[PDB]
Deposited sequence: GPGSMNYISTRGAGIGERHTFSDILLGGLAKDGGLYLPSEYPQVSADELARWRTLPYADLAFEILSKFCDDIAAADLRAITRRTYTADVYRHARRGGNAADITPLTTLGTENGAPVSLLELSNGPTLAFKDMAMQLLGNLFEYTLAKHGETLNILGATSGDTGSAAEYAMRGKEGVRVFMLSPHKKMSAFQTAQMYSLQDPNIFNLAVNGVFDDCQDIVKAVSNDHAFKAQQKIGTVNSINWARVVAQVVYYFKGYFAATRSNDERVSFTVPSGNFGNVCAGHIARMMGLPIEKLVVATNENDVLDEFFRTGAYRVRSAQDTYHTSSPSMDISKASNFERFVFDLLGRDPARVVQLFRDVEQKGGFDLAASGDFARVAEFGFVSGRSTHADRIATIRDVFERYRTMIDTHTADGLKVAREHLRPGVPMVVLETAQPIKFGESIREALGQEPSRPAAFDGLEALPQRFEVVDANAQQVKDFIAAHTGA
């Protein structure tokens, strides 16, 4: 049973499928399960040797009792294949889906990269998005209807969304991107798509103008009903579930037996990965530390260091757990933010739950990340990107002799080429598979920063 971070859902029934499409709860909160499903010692032992798709089935099954088991297995097996997750760049077996690449021992701990970025758009959101494509298609087939997804992107999330949803029955994607303001690789991956259910709208503004238009359409309830408007952003619970799976996969790959403990480092203070790692640990996965790298973001640093915020969907899910899963406390925190200019979890006695849950944090600077990229290229003979470098720098501050440390690789170097050029004096390396991408014919519709222009476009391209 799924309930709201702000109190709705008690005395009701919301299944996984009921909330799949990712709406907020009725009270403005986010949906969460009423308990975290527990993995027994026997289950954990049985799961160690499962291929990724079957491990995914096991975990998704804990969170979804309303979809027939056979159908969930068919969905995960269709989703997680070597062919889709084909871009393994370090000699790994793509059938692992998220191969673990061990770098070496540091402070007595084996340090590895978990390769989450071998999917079609070379970054970690392909892990959840590919699954959401199949889940959406499956669920929408039951009603013979179409979901018209509206989203915004600066390149990476929209790419992952479009590669997951292209060609899915019952789905269209209307994606707003800032015209001429994205990197060439990301622009080409999106705009080269010819699929008739994918609509790339290049907005004459910046990313925040694109987000503002999605928000404005969010507030037009009659239009949302008329056009069956959907979202695949962080409000989506299924995306978090999907991410729990690779913590299990990485744990097993990093260990020989379930007597061992593993630490993970999450780049970029990303609350979806924070949440997913925390949820895996809460289910019984033997995670020692969850290390959160926050680069030079002072807000994130301040929160993890002190529990305070002075004035993210998934921040709210995390803080709900810090506050004891009491929705009244969450509502108060948001009242403190609005009425009193921030919150202070240390003062209220709730900050102790951050360390309780295994969390620690650290920061990196641009110079630190360049140095880390250069170090890795020389010592371990491989390219890593800026996000992975933020992760590795921070990971290195939290090594315990004897405890594997797994750093999430959240984007491949080709996605963030500027820092690779600065660090390594060259473009990211790329195989023949990607030759000509940026020169392919591009298909997009330019629109101004005008919400009604976007509404008109959607209405003219759905048949509603």
item: Missing CA stretches, deposited numbering from 1, N-terminus first; value: 1-5, 317-334
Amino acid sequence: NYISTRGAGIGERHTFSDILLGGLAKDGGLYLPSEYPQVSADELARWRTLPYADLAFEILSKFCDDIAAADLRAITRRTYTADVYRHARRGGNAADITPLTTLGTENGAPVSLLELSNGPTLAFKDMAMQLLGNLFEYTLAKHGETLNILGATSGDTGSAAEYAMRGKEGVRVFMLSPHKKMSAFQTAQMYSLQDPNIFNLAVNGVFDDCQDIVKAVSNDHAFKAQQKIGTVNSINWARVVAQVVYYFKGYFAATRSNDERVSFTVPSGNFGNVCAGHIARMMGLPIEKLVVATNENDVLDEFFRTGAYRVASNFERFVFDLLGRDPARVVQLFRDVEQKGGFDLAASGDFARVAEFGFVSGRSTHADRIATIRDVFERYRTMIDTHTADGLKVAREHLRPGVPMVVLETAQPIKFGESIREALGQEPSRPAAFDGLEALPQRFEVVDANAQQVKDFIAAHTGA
From here on, numbers count along this sequence of modelled residues.
| item | value |
| --- | --- |
| Stretch with the greater mean C-alpha B-factor as recorded in the entry, comparing 217-225 against 108-116 | 217-225 |
| Given 325-333 and 374-382, the range whose Cα B-factors average higher in the PDB entry | 325-333 |
| Highest-ranked of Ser61, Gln412, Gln38, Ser419 once sorted by CA temperature factor in the record | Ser419 |
| From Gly391, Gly158, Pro178, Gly342, residue of greatest CA B-factor | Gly342 |
| B-factor third for the C-alpha atom of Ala95 within its chain | lowest |
| CA B-factor placement of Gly230, once the chain's modelled residues are sorted into thirds | middle |
| Chain third (lowest, middle, highest) by recorded CA B-factor, residue given as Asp27 | highest |
| CA B-factor placement of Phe303, once the chain's modelled residues are sorted into thirds | highest |
| Third of chain Cα B-factors occupied by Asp42 | highest |
